[PDB]
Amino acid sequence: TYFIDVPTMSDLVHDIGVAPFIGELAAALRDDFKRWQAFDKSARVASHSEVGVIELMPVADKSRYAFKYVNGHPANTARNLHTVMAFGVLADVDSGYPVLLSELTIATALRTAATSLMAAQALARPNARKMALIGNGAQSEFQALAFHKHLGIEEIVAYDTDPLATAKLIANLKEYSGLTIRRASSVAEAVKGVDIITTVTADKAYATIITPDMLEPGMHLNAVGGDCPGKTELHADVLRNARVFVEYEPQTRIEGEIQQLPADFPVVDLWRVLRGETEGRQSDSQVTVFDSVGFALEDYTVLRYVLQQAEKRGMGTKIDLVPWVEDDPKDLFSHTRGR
């Protein structure tokens, strides 16, 4: 079993570059989504608590199995901890052997930005150039760069209740001269006249970050922040006024923005759109919404990507997580006599 810890992932991402990492991952995600029906899918298992949730996100095909452990505690930042922390494993289906154990906190931000990018490439109007970024925390820089470097976004209007978060975002990306990022005094001000609205706020409760009055013809909404029951960012009527796209419907019906609508509210499966079998955006005036909550297949993709890229660079360290090949695999007792 190989292990990629936080500093090693940092070196890997730094080497590949955040922009290329996101672009290459989006391409890999698109191919895996097209192969949707080849995967053994399931809604992630969630263990809710008073201030957060801890989830396990498994998925697999005929040769590889993958899963991610991840928590979502919005109040963590008040204690100097990340709202989102994660790690995962890529394993061999025919033996059950865990080939890679990897940090996935940094990787989650990367796959989430890549997934949002993939969805936008297929759903947003091709002439998009301005985006509103509501929520300027951990996910924000990644979302900003994904859209700037791969979807032609030149101007971002940002807003966060915490002004220091916005300052951080602007400072982190100032080095990208082709991108202008400016602070707005409110959500309504930030979203005025934008082609794309990305929401990545963290608040474990029902919230109406985006209301019907803010919608303009042709907009694409990248709703990422809400991702579990009782945690939303869009007013229910925003969804009723748009064509809604999802990752894994069974899971999104419960955790996504659509949890606020009748169980029969029509949504479109993103993988069908990517295969060109179902219509995505139907007109230039239409409002499209990517009701994103995160799905195990995305973690499977980033885990496979990380393994391949780390191997090529000889990065990672071996760990004795489980027994390897032994003379007598039925003699587990031999391990009780000491190393």
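Throughout, we count residues from 1 along the sequence that is shown.
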The stretch carrying the higher mean Cα B factor in the deposited entry, 314 to 322 or 13 to 21, is 314 to 322
Quick one: say whether 291 to 299 or 60 to 68 has the higher mean Cα B-factor in the deposited entry.
60 to 68
Tell me, please, which of 98, 262, 225, 88 has the highest C-alpha B factor according to the deposited entry?
262
Which of 188, 114, 219, 200 ranks first by CA B-factor in the deposited coordinates:
188
C-alpha B factor of residue 142, ranked within the chain: lowest, middle or highest third?
lowest
Within-chain third of residue 211 by Cα B-factor, per the entry
highest
Third assignment of residue 1 from its chain's C-alpha B-factors
middle
Report the third (lowest, middle or highest) to which the CA temperature factor of residue 102 belongs, ranking only the modelled residues of the same chain.
lowest
Among all modelled residues of this chain, ranked by Cα B factor, put residue 252 in the bottom, middle or top third, i.e. lowest, middle or highest.
middle
